[PDB]
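Visitor: Experimental coordinates follow, after the sequence.
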Amino acid sequence: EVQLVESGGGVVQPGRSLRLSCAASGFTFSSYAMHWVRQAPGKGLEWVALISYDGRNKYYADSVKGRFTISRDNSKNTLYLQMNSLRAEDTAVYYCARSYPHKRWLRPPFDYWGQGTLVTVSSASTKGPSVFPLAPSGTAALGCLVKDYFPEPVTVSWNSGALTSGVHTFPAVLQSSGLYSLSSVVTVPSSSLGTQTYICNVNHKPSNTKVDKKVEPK
Amino acid sequence: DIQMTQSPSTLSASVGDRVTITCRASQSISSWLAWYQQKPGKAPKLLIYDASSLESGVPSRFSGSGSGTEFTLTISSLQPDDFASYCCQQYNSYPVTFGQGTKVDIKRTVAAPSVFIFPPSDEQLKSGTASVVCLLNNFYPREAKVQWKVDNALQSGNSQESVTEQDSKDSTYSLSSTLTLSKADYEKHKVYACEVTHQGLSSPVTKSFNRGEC
């Protein structure tokens, strides 16, 4: 029952530090070379670093050399990635991966991975969103625009979770300003407008912002 | 580092289909190539290593082939669990490298988008900013072009869009496009239009509003 569980990801500003952990279970961790691999938004997987079974040999990708340090605690079945001097381009999901057993640890396939932990490096600062109605103008669409917030994520529900069918909450896009913007829409029977009230419930926990915006015909 | 080029970027398939994804290497990697399966929020999974060997317990409907510089992953009788992304990896030489990935989505009949346009709210115009939203609802396939027009003037560089994941029940997508202008420039013009082209439409659909006089 091999399992790898990464933790420690978060949102920081350029130049700062983050320590990632990966807890391993279900195998003799101390007999395997271990790796970190990362995947930036909309890009391919990129190998970052590796460490030998006994922690004596470590190798690093050129893009992180001198800024990251891979390490391991074999008595705790844990692998670590300490980052400092982080850059925007270090933003990625970071994966812990096991080196294929009898394959050269320097260039192996990886037979087990974790679910990953997300690292976000940005000069933006925490900010709650503005929520604006997308007013409906026999099927009618309406929604809420969740603009200018940082960092991810926000959650949007409709009618406190009572309204689920026909709801589409879109992935946020990152604007020029460095802030996110998201839209959430729902289609309803034109004839229901005025009968049901429609409320997007918006929550951005990083800024402790909760907004309930009611959407009216204009 | 060895560059790995995967093709195609995406493909659609039905259950029972035979699906082929290729990966090419900038220099031969002999047979040192692995294939992985990736699903959102889950751990990557090793399917095939050494170009052709299946990992223990991997279903035999997966096969791998190739040697040198060109490589093939084939899923022969695709099953519902196989809708996912797939990436190759070389381990011939030290910095291991991966392809960009290939997404396999569910095939269905063509479905035209229902299009809606939303003017900026008066509360937003207060801020000094105008966001105009165009919604393309429940269409297939994923490929769609959204074109913003302001008093017939083609817009470029001032819009962003995002697309949902394929819907579990009806296998469609929806798309949101946002056009951003200053409040000053929004008030300079009258007609805001999003023109949508898609396979489900015999001809492009335009939805518009007239800023004033409404």
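Guide: Done, it's in. Residues are numbered from 1 along each chain as shown, chains lettered A, B, ... in the order given.
Visitor: Break chain A down into its domains, please.
Guide: Chain A breaks down into these structural domains: A:3-121, A:130-215 (assignment by automatic domain parsing).
Visitor: want to throw these into a markdown table with mean neighbour count?
Guide: All C-beta spots, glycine's among them, are computed from the backbone N, C-alpha and C. Below are the domains of chain A laid out as a markdown table (neighbours: other CB atoms under 10 Å in any protein chain shown):
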| stretch | mean neighbour count |
| --- | --- |
| domain A:3-121 | 18 |
| domain A:130-215 | 18 |
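Visitor: now those domains as TSV including distance to residue B:152?
Guide: Below are the domains of chain A laid out as TSV (distance: least, CB to CB, whole Å):
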stretch	distance to residue B:152
domain A:3-121	33
domain A:130-215	21
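Visitor: Let's have those domains in CSV, adding distance to chain B.
Guide: As requested, those are exported to CSV (distance: least, CB to the nearest CB, whole Å):
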stretch, distance to chain B
domain A:3-121, 4
domain A:130-215, 4
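Visitor: From the centre of chain B outward, give me the first residue you hit.
Guide: The residue lying closest to the centre of chain B (CA atoms, centre = their mean) is residue B:142, at 6.7 Å.
Visitor: In contact with the spatially closest residue to that one that is not a sequence neighbour, which residues?
Guide: Spatially, and ignoring its direct neighbours in sequence, residue B:142 is nearest to residue B:173 (5.2 Å; CB to CB, 6 or more residues apart in numbering or on different chains). Residue B:173 makes contact with B:138-140, B:142, B:163-167, according to CB atoms under 8 Å, 6 or more residues apart in numbering or on different chains.
Visitor: Is it possible to mark the buried ones in those?
Guide: For these, a burial check counting by 16 or more other CB atoms under 10 Å in any protein chain shown picks out B:138-140, B:142, B:163-164, B:166.
Visitor: Going by distance to residue A:42, which of those wins?
Guide: Nearest to residue A:42 among these is residue B:163, at 12.5 Å by CB to CB.
Visitor: what kind of secondary structure is the residue located most distally from the centre of chain A in?
Guide: If you look at how far each residue of chain A sits from its centre, by CA atoms, centre = their mean, the farthest one is residue A:191, at 39.5 Å. Classification of residue A:191 by DSSP: H, G, I helix; E, B strand; the rest coil places it in helix.
Visitor: Quickly note the distance from it to residue A:138.
Guide: As defined by CB to CB, to the nearest Å, residue A:191 lies at a distance of 7 Å from residue A:138.
Visitor: now do residue B:169
Guide: As defined by CB to CB, residue B:169 lies at a distance of 21 Å from residue A:138.
Visitor: same check, this time on residue A:71
Guide: From residue A:71 across to residue A:138, the span is 63 Å (CB to CB).
Visitor: Likewise for residue B:78?
Guide: Counting by CB to CB, the gap between residue B:78 and residue A:138 amounts to 38 Å.
Visitor: One more: residue B:71?
Guide: Look at residue B:71 and residue A:138: by CB to CB, they are 52 Å apart.
Visitor: again, but for residue B:22
Guide: Taking CB to CB as the measure, residue B:22 falls 47 Å from residue A:138.
Visitor: same question, residue A:185
Guide: Counting by CB to CB, the gap from residue A:185 to residue A:138 is 17 Å.
Visitor: and if you look at residue B:40?
Guide: Noted for residue B:40: a distance of 34 Å to residue A:138, by CB to CB.
Visitor: now residue B:65
Guide: Per CB to CB, residue B:65 is found 53 Å from residue A:138.
Visitor: Repeat that for residue B:114.
Guide: Going from residue B:114 to residue A:138 by CB to CB gives 12 Å.
Visitor: what do you get for residue B:122?
Guide: Counting by CB to CB, the separation of residue B:122 from residue A:138 is 27 Å.
Visitor: same thing with residue A:160?
Guide: 26 Å.
Visitor: and if you look at residue B:10?
Guide: Separation of residue B:10 from residue A:138 (CB to CB): 34 Å.
Visitor: quick one: contacts of stretch A:50-64?
Guide: Residues from elsewhere that reach stretch A:50-64 (CB under 8 Å, 6+ apart): A:30-36, A:46-49, A:68-72, A:74, A:79, A:83, A:89-90, A:99, A:105-106, B:94-95.
Visitor: contacting residues for residue B:93?
Guide: Residues in contact with residue B:93, defined by CB under 8 Å, 6+ apart, are A:107, B:2, B:29.
Visitor: hmm, try it at 10 Å
Guide: Neighbour list for residue B:93: A:106-107, B:1-2, B:27, B:29, B:32 [criterion: CB atoms under 10 Å, 6 or more residues apart in numbering or on different chains].
Visitor: Residue A:109 now?
Guide: Residues near residue A:109 by CB under 10 Å, 6+ apart: A:97-100, A:103, B:32-36, B:46, B:48-50, B:53, B:55, B:89-91, B:96.
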